[PDB]
Amino acid sequence: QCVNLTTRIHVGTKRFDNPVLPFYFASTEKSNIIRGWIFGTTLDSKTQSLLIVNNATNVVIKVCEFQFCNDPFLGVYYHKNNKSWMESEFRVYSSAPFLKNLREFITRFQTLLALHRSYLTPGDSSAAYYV
Amino acid sequence: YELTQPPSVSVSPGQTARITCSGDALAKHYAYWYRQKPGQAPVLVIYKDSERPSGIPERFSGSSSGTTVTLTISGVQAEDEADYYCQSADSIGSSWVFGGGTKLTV
Amino acid sequence: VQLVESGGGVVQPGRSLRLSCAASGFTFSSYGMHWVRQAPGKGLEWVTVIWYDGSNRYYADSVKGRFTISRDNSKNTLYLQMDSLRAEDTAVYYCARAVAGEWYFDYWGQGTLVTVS
Ligand SMILES: *[C@@H]1O[C@H](CO[C@@H]2O[C@@H](C)[C@@H](O)[C@@H](O)[C@@H]2O)[C@@H](O[C@@H]2O[C@H](CO)[C@@H](O[C@H]3O[C@H](CO)[C@@H](O)[C@H](O)[C@@H]3O)[C@H](O)[C@H]2NC(C)=O)[C@H](O)[C@H]1NC(C)=O
Ligand SMILES: *[C@@H]1O[C@H](CO)[C@@H](O)[C@H](O)[C@H]1NC(C)=O
Ligand SMILES: *[C@@H]1O[C@H](CO)[C@@H](O)[C@H](O)[C@H]1NC(C)=O
């Protein structure tokens, strides 16, 4: 399923604005927040779109008639016993490895960020790049 | 994401009761414990496995290991004869889960 | 912080019933809300959550597609619309406030009994 995040990753009032941009990309971080990108036109099931996603062991690239979420993301959590951040589930689409350190790299595209589950609490309280 | 805990614990007054709860999710996320007395809404006793609310006395403590979490109640009194529940949430925040509930008999 | 449930009653299977939880003593619009139900002699079962601004809502599988959760932040009131009720839905329904910044429930109402028969 999809989660509605856009408000009318920043927090301790929650704010979210991860807009779809017209179609270089760069990001400086130590937290490995940027995980991938969506490239396409309508960004829905009507046309084919390109999905690029990186994870801990590999990178997957697919072209499909994806039905994307308005606020697509990859969920992560801090594993209580192992004391490290781990992936949970993808919330990028409903239907269908190269990521302080600066990382420098179809009519529209959107950036996929790793979102801490602590942000997915139901309350109003509880990640930067260039294009 | 299921939570399993024993249907009951029998403890004599003055002894220490240890109410356990297990499940794979509990190795990933924090557990929360509630105490419910008949006719009343559940009251939070422990959060983040081992922390107390300001309204909860030092007799209540918690610990965890692997997939199991434990609520430890020392100096058990008659007033502690209540149904205790373990609670958690999934990794995406879309679902909340309670265990069956343990009836603590003093 | 006070939460007051109302709208409970006795209905036949297949009928609908609407519950309401009035909130006071806090900034209702900043907190998410939950419904939790407890059948007599049974433990606590989580039913549904709605986010502070109503942007997201989730349901337990057992009530998915039948229950609808909504809120009016201008009336400080939480609503639960239960359609196509079944005998298995007999329970005391509590409203509870989500703790800000965490995954537990801090404040609870008194609960209202709903019987389906
Ligand atoms: C994420 O948001 C989706 C869209 O919500 C709508 O747009 C938001 C910006 C905001 O304005 C919100 O208030 C709007 O509802 C949610 O999907 C929507 O869910 C509605 C039901 O809650 C649904 O409605 C119609 O359809 C249902 C049956 O499915 C009828 O019972 C109802 O009477 C209406 O006819 C609406 O169509 C649906 N919209 C879309 C595009 O699917 C989505 O659930 C939400 N995500 C979560 C987790 O809550
Ligand atoms: C990364 O993605 C690949 C391809 O889908 C998958 O086989 C692999 O298990 C994933 N790794 C992790 C840690 O999820
Ligand atoms: C936690 O660490 C142990 C030991 O390295 C490992 O076997 C286990 O798979 C890790 N847990 C997870 C979820 O990766």
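Excluded from the calculations below are hydrogen atoms, water molecules and symmetry mates; all remaining heavy atoms, backbone and side chain alike, are included. Each chain gets a letter, A, B and so on, in the order its sequence line appears, and its residues count up from 1. Numbering of ligands and ligand atoms starts at 1, following listing order.
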task = Let me see the working for B:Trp96 and B:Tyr1 under ring-ring contact (aromatic ring centres under 6.0 Å, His included), right down to the final yes or no.
result = CA-CA 9 Å; B:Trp96 281 254; B:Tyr1 287 116; over 10 Å; no
Salt bridge [X]-[Y], side-chain N to carboxylate O under 4.0 Å:
| X | Y | value |
| --- | --- | --- |
| B:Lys103 | B:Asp83 | yes |
| A:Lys14 | A:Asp124 | no |
| C:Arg37 | C:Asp89 | yes |
| A:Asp71 | A:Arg91 | no |

ask   = Would you say C:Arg57 has any N or O atom under 3.5 Å from an N or O of ligand 1, going by distance alone?
value =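 There is such a contact, yes.
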query = Are A:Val3 and ligand 1 in contact, using a heavy-atom cut-off of under 4.0 Å?
reply =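 No, that is not the case, since the closest heavy atom of the residue is not under 4.0 Å from the ligand.
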request  = Run the contact test for C:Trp51 against ligand 1 with a 4.0 Å cut-off on heavy atoms, strictly below, and give the result.
outcome  =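 No, C:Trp51 has no heavy atoms under 4.0 Å from ligand 1.
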ask   = Against heavy atoms of A:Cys2, which atoms of ligand 1 measure under 4.0 Å?
value =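 Answer, ordered by atom number: 46 (N), 48 (C).
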message = List ligand 1 atoms under 4.0 Å from C:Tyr58, heavy atoms only on the residue side.
response =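 So the atoms of ligand 1 that pass are 48 (C).
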query = Among A:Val59, A:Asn55, A:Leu74, A:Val60, which residue places a heavy atom closest to atom 2 (O) of ligand 2?
reply =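 Minimum heavy-atom distance to atom 2 (O) of ligand 2 goes to A:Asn55.
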query = By number and element, which atoms of ligand 3 are closer than 4.0 Å to a non-hydrogen atom of A:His79?
reply =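 Taking each heavy atom of A:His79 in turn, ligand 3 has 13 (C) under 4.0 Å.
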Min heavy-atom dist A:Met86 to ligand 3 below 4.0 Å =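 Checking ligand 3 against A:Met86, which is what was asked, there is a heavy-atom contact under 4.0 Å.
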ask   = Which residue pairs pass the salt bridge (charged side-chain N to carboxylate O under 4.0 Å, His left out) test with at least one member in residues 15-28 of chain C, sequence neighbours excluded?
value =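 Every pair satisfying salt bridge (charged side-chain N to carboxylate O under 4.0 Å, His left out) with a residue in residues 15-28 of chain C: there are none.
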task = Find out whether the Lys NZ or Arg CZ of B:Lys48 is both under 6.0 angstrom from the six-membered ring centre of C:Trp103 and within 45° of the ring's axis.
result =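 Here B:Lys48 fails the 6.0 Å and 45° test against C:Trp103.
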ask   = Taking non-hydrogen atoms only, is B:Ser94 closer than 4.0 angstrom to ligand 1 via side chain, backbone, both or neither?
value =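 For B:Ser94, there is no contact with ligand 1 at all, from either part.
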inquiry  = Any nitrogen or oxygen of A:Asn82, side chain or backbone, less than 3.5 Å from one on ligand 3?
reply    =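 Checking ligand 3 against A:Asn82, an N or O pair does fall under 3.5 Å apart.
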